[PDB]
């Protein structure tokens, strides 16, 4: 067959051009001439040879050259070399889509296949970013930088920002790559840090100081997400901070001797008691624990007694510190109905 040798020859012309774009030699390439060869290929029902061929050329470049350049930089400027490889791939794929535009508008549209841009993202994801050693090193580098910053060290936030935005784009208008490769081990590492930091604060600080320190960590983790990561990570990290520091120590915080809720009710620390209400409202069974400890103290004081002095004091705590919550209101009202039952 003439065309079996002719179409293989017209492809070699386009194959050489794509390879020239990969070498950044696009400067001396003719768009007009190269577009006609791709235009004639699609019209003569030979788009299969062009599409399958494109995949094989891009795969060749990302395995033999791009993957090796990243693997030979694992110890010196890893994130910088990987980001440069990512930017070079994006610049190449745009100009590859530029010359093969007729295939990107006619062939991929009616045959229902991935476009030049999406095809490039899949090969760069599977052969470079998600490749064994690179995938592990990217995870270990990003997690160490966050762990160092939490200790009080200065890290390249921009390098973390670029690596996270790269993982988001490689998910093909999704967060599947960013979640699996970065978010999941990040929340697992963070939970281990927040639990160890919780144990420190419960032994070297007061209950009032603890609540303010948790709020400081909530606002610190929001800043890290907004400046270094994707803003979709804001809710999952805050929930980890809330679980490890509040939820796992709810009864402990309120039962702190000469510092907890009972101590705050005695001394009448209005603004300080309000801080506990603002933090415990974030977690489930938080305000329930505050009510149970309050009812335990209120019932004992009313038992000891006259009663109009207690109701006036607890109404002041309800409106100012507990923001007139219906759960706290029925707890106070329920305890005063119990004192009338006694006599």
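Positions refer to the first chain, counted from 1.
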Deposited but uncoordinated residues in the residue 305/residue 306 interval
10 or more
Test of understanding: from the entry's C-alpha B-factors, which stretch has the higher mean, 261-269 or 234-242?
261-269
Output the stretch having the higher mean C-alpha B factor in the entry; the candidates are 68-76 and 128-136.
68-76
Entry record, C-alpha B-factors for 61, 313, 55, 282; the maximum is at 313
What third of its chain, lowest, middle or highest, does the C-alpha temperature factor of residue 156 fall into?
middle
By its CA B factor, does residue 109 count among the lowest, middle or highest third of the modelled residues in the chain?
highest
Test of reading the entry: by CA B factor among the chain's modelled residues, which third contains residue 221?
lowest
Cα B factor band for residue 179 (lowest, middle or highest third within the chain):
lowest
Residue 149, C-alpha B-factor rank within chain (lowest, middle or highest third)
lowest
